[PDB]
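Visitor: What follows is run.txt, made up of compact mmCIF, C-alpha atoms and all ligand atoms:
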# COMPACT_ATOMS: atom_id res chain seq x y z
CA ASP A 1 48.17 41.13 0.94
CA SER A 2 47.91 38.53 -1.92
CA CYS A 3 44.26 37.56 -1.06
CA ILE A 4 41.53 36.65 -3.63
CA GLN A 5 38.02 37.97 -2.94
CA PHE A 6 34.57 36.43 -3.48
CA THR A 7 32.45 39.29 -4.87
CA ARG A 8 29.04 37.98 -3.68
CA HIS A 9 30.19 36.99 -0.15
CA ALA A 10 28.94 40.05 1.78
CA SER A 11 25.53 39.97 0.01
CA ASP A 12 25.22 36.19 0.65
CA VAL A 13 26.08 36.73 4.36
CA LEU A 14 23.42 39.42 4.69
CA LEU A 15 20.83 37.23 2.89
CA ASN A 16 21.53 34.42 5.38
CA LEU A 17 21.32 36.81 8.37
CA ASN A 18 17.88 37.91 7.06
CA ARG A 19 16.87 34.19 6.75
CA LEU A 20 17.90 33.69 10.43
CA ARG A 21 15.79 36.75 11.37
CA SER A 22 12.76 35.39 9.37
CA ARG A 23 13.06 32.06 11.17
CA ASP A 24 13.68 33.80 14.59
CA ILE A 25 17.05 32.00 14.90
CA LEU A 26 19.48 33.40 17.50
CA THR A 27 17.63 36.75 17.71
CA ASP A 28 18.74 38.27 21.02
CA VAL A 29 16.85 41.53 21.43
CA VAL A 30 13.33 42.93 21.12
CA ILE A 31 13.04 46.57 19.99
CA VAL A 32 9.79 48.15 21.23
CA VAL A 33 8.34 51.05 19.16
CA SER A 34 5.20 51.97 21.15
CA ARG A 35 2.67 49.07 20.73
CA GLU A 36 4.88 47.09 18.29
CA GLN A 37 7.77 44.66 18.93
CA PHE A 38 10.57 43.76 16.51
CA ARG A 39 13.00 40.88 17.11
CA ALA A 40 16.54 41.26 15.74
CA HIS A 41 20.22 40.42 16.18
CA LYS A 42 22.13 43.03 18.26
CA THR A 43 25.21 42.69 16.00
CA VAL A 44 23.27 43.54 12.83
CA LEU A 45 21.60 46.53 14.54
CA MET A 46 25.05 47.81 15.73
CA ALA A 47 26.60 47.30 12.28
CA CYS A 48 23.87 49.49 10.67
CA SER A 49 23.01 52.19 13.24
CA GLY A 50 25.12 54.64 15.22
CA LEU A 51 22.42 54.66 17.93
CA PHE A 52 22.47 50.83 18.36
CA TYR A 53 26.27 50.82 18.20
CA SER A 54 26.31 53.25 21.19
CA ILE A 55 23.58 51.28 23.06
CA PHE A 56 25.12 47.84 22.77
CA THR A 57 28.71 49.04 23.52
CA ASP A 58 27.46 50.45 26.85
CA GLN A 59 28.51 48.14 29.73
CA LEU A 60 24.96 48.13 31.25
CA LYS A 61 22.77 48.28 28.12
CA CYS A 62 24.67 45.55 26.24
CA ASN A 63 22.92 43.05 28.60
CA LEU A 64 19.33 44.17 28.01
CA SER A 65 17.00 41.88 25.99
CA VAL A 66 14.43 44.70 25.44
CA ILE A 67 15.11 48.25 24.16
CA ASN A 68 12.31 50.84 24.15
CA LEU A 69 12.62 53.55 21.51
CA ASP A 70 11.42 57.18 21.94
CA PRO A 71 7.55 57.32 21.73
CA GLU A 72 7.81 59.79 18.80
CA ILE A 73 9.26 57.03 16.58
CA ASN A 74 6.87 55.63 14.00
CA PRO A 75 6.67 51.77 13.99
CA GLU A 76 6.24 51.60 10.16
CA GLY A 77 9.33 53.83 9.70
CA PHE A 78 11.28 51.56 12.05
CA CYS A 79 10.04 48.41 10.19
CA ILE A 80 11.17 49.86 6.81
CA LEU A 81 14.63 50.64 8.27
CA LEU A 82 14.96 47.22 9.94
CA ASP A 83 14.17 45.58 6.54
CA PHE A 84 16.84 47.85 4.95
CA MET A 85 19.42 46.76 7.54
CA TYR A 86 18.91 43.11 6.65
CA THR A 87 18.47 43.46 2.85
CA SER A 88 20.12 46.75 1.55
CA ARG A 89 16.67 47.63 0.07
CA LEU A 90 14.75 50.68 1.25
CA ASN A 91 10.98 50.88 0.65
CA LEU A 92 10.85 54.67 0.27
CA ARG A 93 7.44 56.10 -0.73
CA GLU A 94 5.83 59.57 -0.77
CA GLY A 95 3.58 58.44 2.12
CA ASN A 96 6.41 57.22 4.37
CA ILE A 97 9.48 59.36 3.49
CA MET A 98 9.07 61.86 6.36
CA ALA A 99 8.70 59.06 8.99
CA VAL A 100 11.60 57.10 7.43
CA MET A 101 13.92 60.15 7.41
CA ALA A 102 13.00 61.08 11.03
CA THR A 103 13.62 57.46 12.15
CA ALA A 104 16.98 57.26 10.26
CA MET A 105 18.11 60.54 11.90
CA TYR A 106 17.25 59.09 15.36
CA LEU A 107 18.94 55.72 14.58
CA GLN A 108 21.96 57.54 13.06
CA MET A 109 21.85 55.84 9.61
CA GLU A 110 23.64 58.58 7.57
CA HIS A 111 23.30 56.99 4.06
CA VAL A 112 19.51 56.64 4.49
CA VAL A 113 19.21 60.25 5.80
CA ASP A 114 21.19 61.31 2.65
CA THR A 115 18.85 59.59 0.11
CA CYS A 116 15.72 60.90 1.95
CA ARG A 117 17.06 64.49 1.83
CA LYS A 118 17.74 64.10 -1.96
CA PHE A 119 14.24 62.65 -2.71
CA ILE A 120 12.58 65.44 -0.64
CA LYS A 121 14.66 68.16 -2.42
CA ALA A 122 13.57 66.72 -5.85
CA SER A 123 9.84 67.15 -4.93
CA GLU A 124 10.32 70.83 -3.86
CA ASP B 1 8.59 45.94 -4.95
CA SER B 2 9.52 49.62 -5.71
CA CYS B 3 12.56 49.61 -3.32
CA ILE B 4 15.89 51.48 -3.93
CA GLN B 5 19.09 49.66 -2.95
CA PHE B 6 22.35 50.90 -1.42
CA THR B 7 25.08 49.02 -3.32
CA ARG B 8 27.76 49.16 -0.58
CA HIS B 9 25.42 48.23 2.33
CA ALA B 10 26.26 44.50 2.62
CA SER B 11 30.04 45.17 2.41
CA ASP B 12 29.75 47.99 5.02
CA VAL B 13 27.76 45.64 7.34
CA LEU B 14 30.43 42.94 7.04
CA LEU B 15 33.24 45.48 7.65
CA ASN B 16 31.48 46.59 10.86
CA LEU B 17 30.92 42.96 11.98
CA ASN B 18 34.69 42.40 11.52
CA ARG B 19 35.38 45.59 13.59
CA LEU B 20 33.15 44.16 16.38
CA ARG B 21 35.12 40.87 16.18
CA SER B 22 38.50 42.78 16.35
CA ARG B 23 37.29 44.65 19.42
CA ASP B 24 35.75 41.43 20.96
CA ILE B 25 32.31 43.11 21.05
CA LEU B 26 29.31 40.79 21.53
CA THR B 27 31.31 37.68 20.52
CA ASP B 28 29.32 34.75 21.93
CA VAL B 29 31.29 31.60 21.13
CA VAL B 30 34.83 30.24 21.31
CA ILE B 31 35.83 27.76 18.58
CA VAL B 32 38.64 25.45 19.78
CA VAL B 33 40.97 23.97 17.10
CA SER B 34 43.34 21.82 19.19
CA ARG B 35 45.57 24.24 21.25
CA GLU B 36 44.11 27.42 19.67
CA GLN B 37 40.94 29.41 20.51
CA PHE B 38 39.02 31.72 18.18
CA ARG B 39 36.27 34.07 19.37
CA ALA B 40 33.43 34.83 16.94
CA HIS B 41 29.74 35.66 16.51
CA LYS B 42 27.52 32.54 16.12
CA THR B 43 25.34 34.34 13.52
CA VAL B 44 28.29 35.13 11.24
CA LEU B 45 29.58 31.54 11.54
CA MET B 46 26.08 30.16 10.64
CA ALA B 47 25.71 32.58 7.71
CA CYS B 48 29.03 31.33 6.19
CA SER B 49 29.25 27.61 7.04
CA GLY B 50 26.86 24.70 6.58
CA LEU B 51 28.50 22.98 9.58
CA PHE B 52 27.94 25.97 11.94
CA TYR B 53 24.42 26.44 10.56
CA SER B 54 23.64 22.81 11.59
CA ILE B 55 25.39 23.20 15.00
CA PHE B 56 23.70 26.40 16.10
CA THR B 57 20.20 25.34 14.85
CA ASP B 58 20.42 22.26 17.11
CA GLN B 59 18.26 22.77 20.24
CA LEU B 60 21.08 21.63 22.60
CA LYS B 61 24.19 22.95 20.80
CA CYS B 62 22.75 26.44 20.16
CA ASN B 63 23.37 27.11 23.91
CA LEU B 64 27.05 26.12 24.04
CA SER B 65 29.68 28.89 24.45
CA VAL B 66 32.55 26.57 23.37
CA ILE B 67 32.68 24.32 20.25
CA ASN B 68 35.57 21.88 19.79
CA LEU B 69 36.41 21.03 16.19
CA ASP B 70 37.76 17.64 14.99
CA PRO B 71 41.48 17.25 16.02
CA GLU B 72 42.44 16.76 12.34
CA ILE B 73 41.54 20.41 11.60
CA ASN B 74 44.50 22.72 11.12
CA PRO B 75 44.30 25.96 13.23
CA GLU B 76 45.95 28.09 10.48
CA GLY B 77 43.42 26.77 7.91
CA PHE B 78 40.59 27.62 10.31
CA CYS B 79 42.06 31.13 10.95
CA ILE B 80 42.26 31.82 7.16
CA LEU B 81 38.61 30.73 6.75
CA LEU B 82 37.41 32.75 9.76
CA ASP B 83 39.10 35.86 8.25
CA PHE B 84 37.35 35.06 4.92
CA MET B 85 33.96 34.86 6.67
CA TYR B 86 34.38 38.35 8.08
CA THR B 87 36.07 40.03 5.09
CA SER B 88 35.28 38.12 1.78
CA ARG B 89 39.09 37.83 1.29
CA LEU B 90 40.81 34.45 1.22
CA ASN B 91 44.56 34.23 1.89
CA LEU B 92 45.19 31.23 -0.38
CA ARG B 93 48.86 30.22 -0.80
CA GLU B 94 50.72 27.17 -2.15
CA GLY B 95 51.78 26.36 1.44
CA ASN B 96 48.26 26.47 2.92
CA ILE B 97 45.87 25.44 0.08
CA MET B 98 45.56 21.77 1.12
CA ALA B 99 44.76 22.68 4.79
CA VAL B 100 42.36 25.45 3.65
CA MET B 101 40.50 23.12 1.25
CA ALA B 102 40.26 20.32 3.88
CA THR B 103 38.94 22.83 6.48
CA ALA B 104 36.40 24.34 4.00
CA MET B 105 35.11 20.82 3.17
CA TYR B 106 34.65 20.11 6.91
CA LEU B 107 32.98 23.53 7.55
CA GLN B 108 30.82 23.10 4.40
CA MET B 109 31.89 26.36 2.65
CA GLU B 110 31.15 25.32 -0.99
CA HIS B 111 32.48 28.49 -2.77
CA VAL B 112 35.86 28.18 -1.00
CA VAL B 113 36.06 24.42 -1.80
CA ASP B 114 35.35 25.40 -5.47
CA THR B 115 38.22 27.97 -5.76
CA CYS B 116 40.68 25.58 -3.99
CA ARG B 117 39.81 22.76 -6.44
CA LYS B 118 40.38 25.17 -9.41
CA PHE B 119 43.77 26.44 -8.07
CA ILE B 120 44.92 22.83 -7.40
CA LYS B 121 43.83 21.70 -10.92
CA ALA B 122 45.84 24.62 -12.47
CA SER B 123 49.08 23.41 -10.75
CA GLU B 124 48.64 19.80 -12.03
CA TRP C 1 36.45 35.28 -7.32
CA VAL C 2 38.57 38.37 -8.23
CA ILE C 3 41.86 40.12 -7.47
CA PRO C 4 40.61 42.83 -5.02
CA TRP D 1 21.74 54.10 -4.41
CA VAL D 2 20.36 52.20 -7.47
CA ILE D 3 17.18 50.64 -8.88
CA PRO D 4 17.82 46.93 -8.01
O1 LIG E 1 25.37 56.10 9.90
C1 LIG E 1 25.95 55.31 10.65
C2 LIG E 1 25.92 53.80 10.56
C3 LIG E 1 26.79 53.37 11.70
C4 LIG E 1 27.19 52.12 12.16
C5 LIG E 1 28.13 52.03 13.18
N1 LIG E 1 28.61 50.75 13.49
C6 LIG E 1 29.84 50.39 13.90
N2 LIG E 1 30.83 51.27 13.70
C7 LIG E 1 32.06 50.83 13.91
CL1 LIG E 1 33.31 52.00 13.63
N3 LIG E 1 32.47 49.64 14.27
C8 LIG E 1 31.48 48.74 14.41
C9 LIG E 1 30.16 49.07 14.22
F1 LIG E 1 29.21 48.15 14.41
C10 LIG E 1 28.55 53.19 13.85
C11 LIG E 1 28.12 54.44 13.44
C12 LIG E 1 27.25 54.52 12.35
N4 LIG E 1 26.72 55.65 11.71
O1 LIG E 2 28.52 26.33 1.58
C1 LIG E 2 27.66 26.66 2.39
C2 LIG E 2 27.56 27.97 3.13
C3 LIG E 2 26.32 27.80 3.97
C4 LIG E 2 25.68 28.65 4.86
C5 LIG E 2 24.45 28.28 5.39
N1 LIG E 2 23.76 29.24 6.16
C6 LIG E 2 22.44 29.45 6.26
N2 LIG E 2 21.67 28.91 5.31
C7 LIG E 2 20.40 29.29 5.30
CL1 LIG E 2 19.43 28.58 4.05
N3 LIG E 2 19.78 30.14 6.09
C8 LIG E 2 20.57 30.72 7.00
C9 LIG E 2 21.90 30.42 7.11
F1 LIG E 2 22.65 31.00 8.06
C10 LIG E 2 23.94 26.99 5.16
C11 LIG E 2 24.61 26.11 4.32
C12 LIG E 2 25.79 26.54 3.71
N4 LIG E 2 26.61 25.88 2.79
CL CL E 3 22.63 54.04 6.39
CL CL E 4 32.05 29.67 0.84
Would you put the structure from the file into structure tokens?

Guide:
Amino acid sequence: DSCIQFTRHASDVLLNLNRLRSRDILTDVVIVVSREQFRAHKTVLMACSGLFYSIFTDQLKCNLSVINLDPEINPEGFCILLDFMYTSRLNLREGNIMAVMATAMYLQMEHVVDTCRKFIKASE
Amino acid sequence: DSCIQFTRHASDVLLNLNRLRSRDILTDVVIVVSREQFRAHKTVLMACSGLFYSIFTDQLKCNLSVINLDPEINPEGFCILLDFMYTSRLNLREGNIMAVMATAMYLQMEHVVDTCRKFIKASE
Amino acid sequence: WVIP
Amino acid sequence: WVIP
């Protein structure tokens, strides 16, 4: 086509979606990771994670307001990945990289799994 | 912080949100622009438009599944702006620029209003 | 704004 | 991935 494109649009959209999350505006699901609860927007979760895409495209699960993750999932790892979904920034540290990588494999977030593998290989 | 950032994340999120819209997945509102209907995600509309942000933060309107726009709004202008929200690309043409600019002023999409004003000034 |  |  003959379209023009606003370079910062996608980043500005994501920043506003994170502001809605901060302010608990139109959040429509609670993700439970053992004793912790995280509120989010189903559409953002599906856009970022192959696991959430499969969950919320299922005719029965699409209607649930609470999703319980596998008890082996670390809440801090999940929190770091949820922040990444809404900001593009990943708080990867020596003390959390194994939990983050395990959580990203479970959530099916291939680009995160890729950077974790590279950072682990560099330390070996 | 000491975060790393994935450059393409925001664009990839927006591309997936547009794929959900295409496939009518988790759309939660119908916008009516005279005889036409457009399905969308409230969160994307709020993230892009000052008018939708005000509508869906209102305690009564946040619960509506149908929103009727002012009868003066052109459906093609709205369609072009809805595509811009989900893609960052604006199909601006000599034959649609006045309707697009009028619609962006109504929806409170300041960056679009800005490029329309510049393209109009260049033709004068 | 750019030409994509 | 980059240093933001
Ligand atoms: O590593 C990843 C990240 C990821 C996200 C999605 N999300 C969607 N995919 C499509 Cl094709 N349309 C809409 C979507 F919301 C699916 C698989 C995967 N795998
Ligand atoms: O030209 C524009 C585009 C636009 C979008 C929004 N959207 C939101 N603003 C904030 Cl601060 N937090 C969350 C949002 F969804 C508000 C005003 C305006 N004006
Ligand atoms: Cl990813
Ligand atoms: Cl805009």

Visitor: Do you have, as a tab-separated table, the list of residues of chain B lying at most 8 Å from ligand CL 4 (chain E), each with its nearest atom pair and that distance in Å to one decimal, counting only C-alpha atoms and all ligand atoms and ordered by chain then number?

Guide:
residue	atom	partner	partner_atom	distance
B:48	CA	E:CL4	CL	6.4
B:49	CA	E:CL4	CL	7.1
B:104	CA	E:CL4	CL	7.6
B:108	CA	E:CL4	CL	7.6
B:109	CA	E:CL4	CL	3.8
B:110	CA	E:CL4	CL	4.8
B:111	CA	E:CL4	CL	3.8
B:112	CA	E:CL4	CL	4.5
B:113	CA	E:CL4	CL	7.1

Visitor: Could you dump the residues just selected with C-alpha atoms as a CSV table (one decimal), keeping the file's coordinate frame?

Guide:
chain,number,residue,atom,x,y,z
B,48,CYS,CA,29.0,31.3,6.2
B,49,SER,CA,29.2,27.6,7.0
B,104,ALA,CA,36.4,24.3,4.0
B,108,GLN,CA,30.8,23.1,4.4
B,109,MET,CA,31.9,26.4,2.6
B,110,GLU,CA,31.2,25.3,-1.0
B,111,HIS,CA,32.5,28.5,-2.8
B,112,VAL,CA,35.9,28.2,-1.0
B,113,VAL,CA,36.1,24.4,-1.8

Visitor: Would you compute the distance between CA of residue 67 in chain B and CA of residue 50 in chain B? Give it in Å to one decimal.

Guide: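 Between these atoms lies a distance of 14.9 Å.
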
Visitor: Calculated over only C-alpha atoms, which of the candidates B:89, B:35, B:18, B:105 has the smallest distance to chain C?

Guide: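 That would be B:89, the residue with the smallest distance to chain C.
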
Visitor: Using all atoms listed in the file, which residue out of A:58, A:83, A:70, A:12 lies closest to ligand LIG 2 (chain E)?

Guide: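 When distances to ligand LIG 2 (chain E) are compared using all atoms listed in the file, the smallest one comes from A:12.
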
Visitor: Could you pull out every residue with an atom within 9 Å of (16.7, 41.4, 3.4), file coordinates, counting all atoms listed in the file, and send them as number ranges by chain?

Guide: A: 14-19, 82-89

Visitor: Restrict the distance test to all atoms listed in the file, flag each residue of chain B within 6 Å of chain A, and return the flagged residues as a compact mmCIF listing (two decimals) with C-alpha atoms, keeping the file's coordinate frame.

Guide:
# COMPACT_ATOMS: atom_id res chain seq x y z
CA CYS B 3 12.56 49.61 -3.32
CA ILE B 4 15.89 51.48 -3.93
CA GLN B 5 19.09 49.66 -2.95
CA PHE B 6 22.35 50.90 -1.42
CA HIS B 9 25.42 48.23 2.33
CA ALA B 10 26.26 44.50 2.62
CA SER B 11 30.04 45.17 2.41
CA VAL B 13 27.76 45.64 7.34
CA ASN B 16 31.48 46.59 10.86
CA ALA B 47 25.71 32.58 7.71
CA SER B 88 35.28 38.12 1.78
CA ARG B 89 39.09 37.83 1.29
CA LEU B 90 40.81 34.45 1.22
CA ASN B 91 44.56 34.23 1.89

Visitor: Could you tell me how far CA of residue 28 in chain A sits from atom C12 of ligand LIG 2 (chain E), in Å to one decimal place?

Guide: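 Those two atoms sit 22.1 Å apart.
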
Visitor: Since the input lacks some atoms of range 71-93 of chain A, please model N, CA, C and O atoms and print them as a tab-separated table (two decimals), in the coordinates of the input.

Guide:
chain	number	residue	atom	x	y	z
A	71	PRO	N	8.95	57.45	22.20
A	71	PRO	CA	7.55	57.32	21.73
A	71	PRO	C	7.21	58.07	20.45
A	71	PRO	O	6.18	57.80	19.84
A	72	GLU	N	8.05	59.04	20.03
A	72	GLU	CA	7.81	59.79	18.80
A	72	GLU	C	8.14	58.97	17.57
A	72	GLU	O	7.75	59.35	16.46
A	73	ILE	N	8.87	57.85	17.73
A	73	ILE	CA	9.26	57.03	16.58
A	73	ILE	C	8.09	56.24	16.03
A	73	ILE	O	7.37	55.58	16.78
A	74	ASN	N	7.94	56.29	14.72
A	74	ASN	CA	6.87	55.63	14.00
A	74	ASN	C	7.21	54.15	13.77
A	74	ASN	O	8.26	53.86	13.21
A	75	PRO	N	6.35	53.19	14.19
A	75	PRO	CA	6.67	51.77	13.99
A	75	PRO	C	6.87	51.37	12.53
A	75	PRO	O	7.75	50.56	12.25
A	76	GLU	N	6.08	51.94	11.59
A	76	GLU	CA	6.24	51.60	10.16
A	76	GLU	C	7.62	52.07	9.66
A	76	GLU	O	8.31	51.31	8.99
A	77	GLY	N	8.01	53.30	10.03
A	77	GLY	CA	9.33	53.83	9.70
A	77	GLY	C	10.43	52.92	10.22
A	77	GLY	O	11.38	52.59	9.50
A	78	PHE	N	10.29	52.47	11.48
A	78	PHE	CA	11.28	51.56	12.05
A	78	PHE	C	11.32	50.24	11.25
A	78	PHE	O	12.39	49.74	10.94
A	79	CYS	N	10.14	49.68	10.95
A	79	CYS	CA	10.04	48.41	10.19
A	79	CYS	C	10.76	48.50	8.83
A	79	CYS	O	11.50	47.58	8.45
A	80	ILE	N	10.55	49.63	8.12
A	80	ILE	CA	11.17	49.86	6.81
A	80	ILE	C	12.69	49.90	6.97
A	80	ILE	O	13.42	49.31	6.16
A	81	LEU	N	13.17	50.56	8.03
A	81	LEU	CA	14.63	50.64	8.27
A	81	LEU	C	15.22	49.33	8.71
A	81	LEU	O	16.33	49.00	8.30
A	82	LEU	N	14.48	48.55	9.54
A	82	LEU	CA	14.96	47.22	9.94
A	82	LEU	C	15.08	46.31	8.70
A	82	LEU	O	16.07	45.59	8.54
A	83	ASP	N	14.09	46.35	7.80
A	83	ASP	CA	14.17	45.58	6.54
A	83	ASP	C	15.38	46.03	5.73
A	83	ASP	O	16.07	45.17	5.19
A	84	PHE	N	15.65	47.35	5.64
A	84	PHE	CA	16.84	47.85	4.95
A	84	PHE	C	18.11	47.29	5.58
A	84	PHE	O	19.04	46.88	4.86
A	85	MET	N	18.19	47.28	6.91
A	85	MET	CA	19.42	46.76	7.54
A	85	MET	C	19.74	45.36	7.08
A	85	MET	O	20.91	45.05	6.84
A	86	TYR	N	18.72	44.51	6.98
A	86	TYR	CA	18.91	43.11	6.65
A	86	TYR	C	18.88	42.80	5.16
A	86	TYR	O	19.09	41.64	4.79
A	87	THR	N	18.61	43.79	4.28
A	87	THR	CA	18.47	43.46	2.85
A	87	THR	C	19.16	44.42	1.89
A	87	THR	O	19.29	44.07	0.71
A	88	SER	N	19.56	45.62	2.36
A	88	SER	CA	20.12	46.75	1.55
A	88	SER	C	19.02	47.48	0.77
A	88	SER	O	19.31	48.48	0.13
A	89	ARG	N	17.76	47.01	0.84
A	89	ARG	CA	16.67	47.63	0.07
A	89	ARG	C	15.79	48.46	0.96
A	89	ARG	O	15.37	48.02	2.04
A	90	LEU	N	15.52	49.68	0.51
A	90	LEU	CA	14.75	50.68	1.25
A	90	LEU	C	13.44	50.97	0.53
A	90	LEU	O	13.44	51.45	-0.62
A	91	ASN	N	12.33	50.66	1.21
A	91	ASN	CA	10.98	50.88	0.65
A	91	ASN	C	10.54	52.32	0.90
A	91	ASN	O	9.74	52.58	1.80
A	92	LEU	N	11.10	53.24	0.14
A	92	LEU	CA	10.85	54.67	0.27
A	92	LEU	C	9.71	55.09	-0.65
A	92	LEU	O	9.74	54.83	-1.87
A	93	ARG	N	8.66	55.68	-0.05
A	93	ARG	CA	7.44	56.10	-0.73
A	93	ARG	C	7.04	57.50	-0.29
A	93	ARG	O	7.40	57.93	0.82
